[PDB]
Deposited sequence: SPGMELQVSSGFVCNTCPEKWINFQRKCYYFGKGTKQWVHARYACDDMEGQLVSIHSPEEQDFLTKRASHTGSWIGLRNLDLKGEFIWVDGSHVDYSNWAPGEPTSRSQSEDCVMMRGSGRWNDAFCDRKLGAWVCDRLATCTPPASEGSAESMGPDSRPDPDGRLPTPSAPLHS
């Protein structure tokens, strides 16, 4: 399965949308939902590398958040963290962003970032 909607990019069995324009995290979450995807989940180094190659230099929202501040970071699709790419010292805790390096930072959810990444399953 490697088919994606127009404007989305395939990697492996998924499709990705590199969104641009100011969003706080929840607004990015809904922006992805409006296009029938979700804020991206990341489950391998190879997926991460694909994303880093396209990462906004001024940071991007991804689909990880410290749910109900129950203290566990969980992906928006409900999957759990098995792969991680935290920047040194992170998480400091919120909502998670990807730096230009691809590394992750937990941040205030009301922070305004210029980019955000969505995913969905590729069709076959």
**OP:** Could you name the stretches of the deposited sequence that have no C-alpha atoms in this structure?
**Re:** 1-13, 107-111, 143-175
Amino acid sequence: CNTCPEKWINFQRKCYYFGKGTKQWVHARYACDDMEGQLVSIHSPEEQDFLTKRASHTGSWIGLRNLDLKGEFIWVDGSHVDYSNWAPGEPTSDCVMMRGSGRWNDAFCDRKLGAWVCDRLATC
From here on, numbers count along this sequence of modelled residues.
**OP:** Compare the mean C-alpha B-factor of 32-40 with that of 71-79 as given in the PDB entry, and name the stretch with the higher value.
**Re:** 71-79
Subject >> Mean C-alpha temperature factor, higher of 83-91 and 43-51 >> reply: 83-91
Subject >> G21 by Cα B-factor - lowest, middle or highest third of the modelled chain >> reply: highest
Subject >> Position of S60 among the chain's modelled residues by C-alpha B-factor, lowest, middle or highest third >> reply: lowest
